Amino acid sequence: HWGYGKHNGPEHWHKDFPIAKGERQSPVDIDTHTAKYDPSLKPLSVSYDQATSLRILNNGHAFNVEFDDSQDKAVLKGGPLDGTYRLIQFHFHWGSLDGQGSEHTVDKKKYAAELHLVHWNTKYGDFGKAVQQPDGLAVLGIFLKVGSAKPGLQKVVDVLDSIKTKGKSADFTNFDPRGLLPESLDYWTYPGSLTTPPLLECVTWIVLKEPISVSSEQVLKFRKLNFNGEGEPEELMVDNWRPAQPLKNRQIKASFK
């Protein structure tokens, strides 16, 4: 079963998930000199004031903070999107070292980690229906670089020892995801896929240009999580990132000049 290891990592996924070699796979390298400014792109509308986080889960691949998505509470609109997309979860991808960890790259630059805020298009009624549609999901990607601490990340950092191993969950209410955003909402956008199996080609990717800075201690505590379940051989949850995939017949558009 798939993972990031020696024997089951991204280069093996195509054997059980042949769409891994598909036409709109993610992540990709963002070539900043080839991305076209598109003045028809709208500013992003991030409406997280009424977000309801519920819990945090170690699923053996990353840790997900889950939200209540049964009403329009925390929604993403505007930008390249038609309609309203509801936040359902966020999670991160990170490295064993500060020099790697992000999934998207910028002119081949790898960031220390990458945050994915996952939203589904309300016109499809639920997340499981939305992932079967080419405009089903919108994922907001935010790079993390190692620098000053991110105060709004620390509640996430401090709960991690309670979900160290696969299958552990903890209550995680009243978390405000606005504390994870950078100052600017300038972005690049392209059509793509889930970056983990089943790798479905259902995502409008929106990747912010401005990274957030987190402290070395904050990202070190990500690296203390375990891919394995309790009682299984300990394997540190690091380098849970898929490398850049071929861009093929896609254009990356920039919301800014």
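Residue positions are given as counts along the sequence shown, with the first one as 1.
Of the two stretches examined, 103-111 and 151-159, the record assigns the greater average C-alpha temperature factor to 151-159. When the C-alpha B-factors of 229-237 and 10-18 are averaged, 229-237 comes out higher. As recorded in the entry, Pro80 carries the highest CA temperature factor of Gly125, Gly136, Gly141, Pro80. Looking at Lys209, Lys36, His61, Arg223, the one whose CA carries the top B-factor in the deposited record is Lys36. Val46: CA B factor lies in the highest third for its chain, per the PDB record. Ranked by Cα temperature factor within the chain, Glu217 sits in the highest third according to the deposited record.
Among the modelled residues of its chain, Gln71 has a C-alpha B-factor that falls in the highest third, as given in the PDB entry. When all modelled residues of the chain are sorted by CA temperature factor, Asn249 is found within the highest third. Annotation for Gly179: C-alpha temperature factor in the middle third relative to the rest of the modelled chain, per the entry.
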